[PDB]
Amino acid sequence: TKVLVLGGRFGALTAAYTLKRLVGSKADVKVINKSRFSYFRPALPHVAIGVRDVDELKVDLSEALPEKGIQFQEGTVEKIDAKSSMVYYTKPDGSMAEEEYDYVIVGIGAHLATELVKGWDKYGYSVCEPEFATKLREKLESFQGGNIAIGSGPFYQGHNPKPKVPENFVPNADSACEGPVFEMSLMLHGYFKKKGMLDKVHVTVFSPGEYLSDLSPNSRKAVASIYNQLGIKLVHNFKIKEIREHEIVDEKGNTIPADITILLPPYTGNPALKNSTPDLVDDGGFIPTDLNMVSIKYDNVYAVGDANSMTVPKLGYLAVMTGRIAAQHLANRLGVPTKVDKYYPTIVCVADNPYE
């Protein structure tokens, strides 16, 4: 039995390791990732005064994986042909390979559509880009004063076909990961407060839809009250279209002053999935599955983490959860009786609570 695991982070690594440990030699587990190394840092930076806390885990998939009985091949997936059970990918040398599988576990995540933001190239500061968070660190340090805009881009969620899960297990969100925006807004305030710059710095928070939609209206009004107290402005229904040197523009031509723009780019499906068997994916480019992580159309395709339709918000712990379930269910299929954990929707993002 040959099992291909696509990607190299939360969803992929969890599924690979979990699967190999469960079935051992009953299957060949091979991982295909677009890069040799996978990095794991802290979600949000440590904006402290004169104190920079570096902390990253750097995994070499080529050495870390074989060490566990898992083969590794570096390559960029271009599409999956679910009908013939083939994965097409470009190898480092530029050559195009097409390999077949008995089972595939898709963990290549989603896509941060920075390309949908005019001026991102020249003026953007991303919170989700590796060392892009270093460029921000420096700018925030040398900042004399002015306007700061922090927020996220729209979530191009897919809707059809629908995952085969219980009702209300998948929320509809305008933003894929909004919690980090709240936390960062509070941090930026504390940082500038410690520098006696509250009067020189003006923070605006923007949301593609209603801010923190998992909360009740009162809880949302309460968050708005905190912002008001802290001197933070809130702009709802602002779908970013462009970033200029001193302002940001939405889809309707409206503007927000911003000398520094901190953006969580819009989320769209992974291009490789958009270019796969049309009926494997929904209209967003995500793979709808059942509670066992098995595609609703192809019984030998598993989707984990961000790549799966049901993971809303797009959380790393849901990635780990899904990666584990996919591996347990498959193990049972390969003749190794295993308990398959039950999937749960998150209900609410704990970062909504300021005491967190």
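Note that residue numbering follows the sequence shown and begins at 1.
Colleague: Can you let me know which of the two, 243-251 or 179-187, has the higher average C-alpha B-factor in the entry?
Modeller: According to the entry, 243-251 carries the higher average C-alpha B-factor.
Colleague: Regarding 101-109 and 223-231, which shows the higher C-alpha temperature factor on average in the entry?
Modeller: Comparing averages over the C-alpha atoms only gives 223-231.
Colleague: Select one of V31, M310, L44, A303: the residue whose C-alpha shows the highest B-factor in the crystal structure entry.
Modeller: Highest C-alpha B-factor among the listed options: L44.
Colleague: Please pick out which of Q71, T90, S152, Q144 has the largest Cα B-factor as recorded in the entry.
Modeller: Among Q71, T90, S152, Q144, the highest C-alpha B-factor in the entry belongs to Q144.
Colleague: Is the Cα B-factor recorded for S84 in the lowest, middle or highest third of its chain?
Modeller: Lowest third.
Colleague: Determine, from the deposited record, the chain-internal third of the Cα B-factor for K339: lowest, middle or highest.
Modeller: Highest third, going by the recorded CA B-factors of the chain.
Colleague: Report the third (lowest, middle or highest) to which the CA temperature factor of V23 belongs, ranking only the modelled residues of the same chain.
Modeller: Its C-alpha B-factor, which the entry lists for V23, ranks in the highest third among residues of this chain.
Colleague: With respect to C-alpha B-factor, does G124 fall in the lowest, middle or highest third of the chain as deposited?
Modeller: Tercile = highest for this residue's CA B-factor.
Colleague: If you rank the chain by CA B-factor, which third does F40 end up in: lowest, middle or highest?
Modeller: It belongs to the highest third of the chain when residues are ordered by C-alpha B-factor.
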